[PDB]
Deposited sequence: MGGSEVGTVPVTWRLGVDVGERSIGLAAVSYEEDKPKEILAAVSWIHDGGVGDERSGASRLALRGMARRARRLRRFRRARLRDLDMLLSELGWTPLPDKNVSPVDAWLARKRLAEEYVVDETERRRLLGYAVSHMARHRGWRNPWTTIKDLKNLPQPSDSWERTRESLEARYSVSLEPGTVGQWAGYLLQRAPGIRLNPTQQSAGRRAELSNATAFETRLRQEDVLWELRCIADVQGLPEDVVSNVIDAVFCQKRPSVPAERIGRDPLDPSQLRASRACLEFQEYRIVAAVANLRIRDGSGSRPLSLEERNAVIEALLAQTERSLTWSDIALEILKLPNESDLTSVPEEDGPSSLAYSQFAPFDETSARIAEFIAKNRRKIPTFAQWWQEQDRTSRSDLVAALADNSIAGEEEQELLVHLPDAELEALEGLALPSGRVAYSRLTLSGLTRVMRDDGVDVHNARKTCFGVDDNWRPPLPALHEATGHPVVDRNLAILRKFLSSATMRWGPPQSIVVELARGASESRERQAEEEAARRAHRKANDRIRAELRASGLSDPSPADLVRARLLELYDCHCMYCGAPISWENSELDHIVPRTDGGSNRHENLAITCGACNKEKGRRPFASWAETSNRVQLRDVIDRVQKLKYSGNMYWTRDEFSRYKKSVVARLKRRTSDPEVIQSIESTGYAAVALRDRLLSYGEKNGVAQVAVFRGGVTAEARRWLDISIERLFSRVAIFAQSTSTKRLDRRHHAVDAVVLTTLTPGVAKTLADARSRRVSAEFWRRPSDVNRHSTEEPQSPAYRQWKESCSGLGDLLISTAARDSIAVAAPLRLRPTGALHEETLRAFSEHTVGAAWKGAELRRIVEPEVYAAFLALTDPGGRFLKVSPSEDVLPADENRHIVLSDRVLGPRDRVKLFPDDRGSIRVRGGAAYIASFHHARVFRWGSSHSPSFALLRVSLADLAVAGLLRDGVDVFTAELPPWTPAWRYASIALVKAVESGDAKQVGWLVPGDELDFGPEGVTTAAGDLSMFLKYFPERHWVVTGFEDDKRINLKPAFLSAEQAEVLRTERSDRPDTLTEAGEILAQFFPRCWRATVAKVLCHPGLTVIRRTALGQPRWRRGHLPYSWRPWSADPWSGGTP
């Protein structure tokens, strides 16, 4: 089903986006824009706060797990050494908070003549020193730690500061003696400072070093008269540390292929999108005859010869030598902007965008389709013409700075031939923009991997059986068997929970017995409850909130001419507690038990409609799905959304999240984020230079449309559009995610 045409490929690579064009050619002039799509990616970023990528967060978590594993193994080996020496380690409970510190202070101060008491104090001191040993260089050997100046100069400065503050001198002033003395003298004192966060002045200021703990242990050994091999073994067990190695980063030569990852996140996202587009374009129109790529001027902050440019040249030249691409040329930013400038093509005129800035011309970054338009413009480019345009800009910027207290055109026959050949490019762009064939899409994240819950462990609340129970207290029951038993109490014919959060579900009953499969709970027995009336799971003996939702399952019930819709918001914790995070599981259609937080905190109408059997699952929505409202647009606008839709009549909206049980958060697909953020900045510091549409767009972002699901899915002709790699909506029901209509979708199974 491949019809070979003559077409060229245009790729603009940005920090958060990539624009791609397949332009069919007839006589070395543009003939047909086959596909133009801009793909918005996160560049591998999973933490928007710190800018850390998903791979970096995963590596930090994995190394934290490995640190805990090695710490557990090292402390177990120390415990076996202390058992071999007969020294008793510090017990888990039923000891004073300062037994370890007082043991360290007493062994570093005086000699202990009692045998069992000395061994007990030595075991307490050595176990506590292994739990708190301070930092050393990981490449420094134990022998090199022993060759360090003991004590360290930072601890000498700290000890002099402590002697100045408290007017006392301890010989020898180890951290064990000073901490024990300060915990006896000024109780409640903090020992180490916190950079995270009334005037509890800390005892120490610098980070503890392993040489100081080693010096204190050797001072304790010299005072107590321990044998040399015993001291050597105790040092080698307390300060044991794995040396750093290189397991994973194990780095004419053959150029890498398209399917091979490059290791860097932004380049990997751009490579994956370009690889999918190139594969689909090859299967539908044959191979391209050249590939023109525009790396951005950015994409490195905190002809291009950057790492992204080198990786893209090597992989696209691998594809070229495997498929027959005649040349591959990669340019440096921002050549395509001036190439768009000389043909009189503006995004604000091409897509009929209203003006946002009162003074000066608005930046093209407002409409996200500018990437695909730049890819179309890039398709026409050649390296000689790009050189002439770069020389023209370099000549123009100096005359522009000179003429402030120009514009002069450099002459080129290749530029003249290019401008003659690209006369109809503007007409093609108008024609393709009129029928809305230029698409802005985002890649879907469908794998159920990530943080399963929030990190903060929370304390359990607790409720008696025999008291009065409200709806929130029913919803917060931790144990699923007790939850199902209270479910059978409040509704014996029901399988799900349909109560208001504030209503009084059931009164006090002094002889209520909750029967189970393994015990019987009396009316005086106390049920473990989640602390708050929100989605939570039981992890490691505590409660944690659920993370962000993986998806929302769409349910429909009622008549054909007027149905009702609701979302079942499913997080990774629901799939974790349902046992669905395993092999061979379709996580969008698998049945969730009633005790999951999804079905606990679903809307009451959805619960009652599923219990009545009327409501069936007709589809699913992930963050990043595109809602095409059709040519009608949004007919249920109210509030600031109406004033937004007067000047930006958007029909394509992107799902970002599901903020409660009845609402879905939608942003406009074609409108950018950072442009509206700098509009907010100019609203903050430059009054009256912003138009009314700019003011409304600045107020609309960042939270966009917090939209009622009943007000969204009540539109006939609304489609959940899932694109192919070329930016075309997938309408054939296959094994890839397809476009569907909420008003007409078949029920699952």
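The deposited sequence has C-alpha coordinates everywhere except the stretches 1-6, 204-209, 264-473, 525-681, 785-790, 1135-1138.
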